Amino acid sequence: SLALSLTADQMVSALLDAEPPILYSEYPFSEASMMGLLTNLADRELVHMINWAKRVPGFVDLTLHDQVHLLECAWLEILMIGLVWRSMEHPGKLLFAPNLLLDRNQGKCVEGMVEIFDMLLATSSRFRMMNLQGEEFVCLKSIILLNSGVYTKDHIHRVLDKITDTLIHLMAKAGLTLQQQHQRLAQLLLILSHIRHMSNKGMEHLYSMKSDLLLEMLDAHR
């Protein structure tokens, strides 16, 4: 695995270069129309996520079966932290696309998404109050890809240690003290527990709300 030999700055630049683009949605809403826009957007984002996963250092070194399992477990988590990251500079709103900026009242169009909408907004304000940097976001997103299905293995945890060395190396350049480094590291990783919670609650409605790829990704959680 050439990922373990990479330095911290080489890890950051490899993650920044592998970032998928910000897609647009199809140019008021109802229950079936908003779900149609979100489904169509998420279905097209899956194709970029799969190619983004191949460019995550160490992911190719896994077997094809292990790659499928990690993507099947974390695909909604990765979509959410990306949505939360895009919505950072828009307090009180979720930026699904540059032309699809929704607020709380739009979440009431479908019965049961207001609860997930508020948690996504709280996560965005949490990143916003932390002044989360792009180099930190791409590290957290790759951690989700490797960690979310690791217990359902020595190489993955070795790569996870590399991203931790990458995260600490990023905080040291920002001028944080030793105490501030492990505190911010702990703060960022505890948010992943809430991202997992949002994905579990969101997935729960998604395979009750029921694209063949998006169905195979959805059936993997049943």
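From 1 onward, residues are counted along the sequence shown.
> Where both flanking residues are modelled in the other PDB entries compared, is residue 124 itself missing in a third or more?
Residue 124: modelled in every other compared entry.
> Is residue 105 missing in a third or more of the other PDB entries that were compared?
No, none of the compared structures omit it.
> Please classify the coordinate gap between residue 131 and residue 132 in terms of deposited residues: none, 1 to 3, 4 to 9, or 10 or more.
Per the record, no deposited residues are absent between residue 131 and residue 132.
> When the C-alpha temperature factors are averaged for each of 97 to 105 and 114 to 122, which stretch ends up with the higher value in the entry?
Mean B over CA atoms: larger for 97 to 105.
> On average, are the C-alpha B-factors higher in 59 to 67 or in 158 to 166?
Taking the mean C-alpha B-factor of 59 to 67 and of 158 to 166, the larger value falls to 59 to 67.
> Relative to the other modelled residues of the same chain, rank the CA B-factor of residue 19 and answer lowest, middle or highest third.
Lowest third of the chain for residue 19's C-alpha B-factor.
> Looking at the C-alpha B-factor of residue 147, is it in the lowest, middle or highest third of its chain?
Bottom third by C-alpha B-factor.
> Looking at the temperature factor on the CA atom of residue 11, which third of the chain's modelled residues does it land in?
CA B-factor rank for residue 11: middle third.
> Going by what the PDB entry lists, where does residue 48 fall on CA B-factor within its chain: lowest, middle or highest third?
CA B-factor rank for residue 48: lowest third.
> Ranking every modelled residue in this chain by its Cα temperature factor as given in the entry, which third contains residue 153?
According to the entry, residue 153 has a C-alpha B-factor in the chain's highest third.
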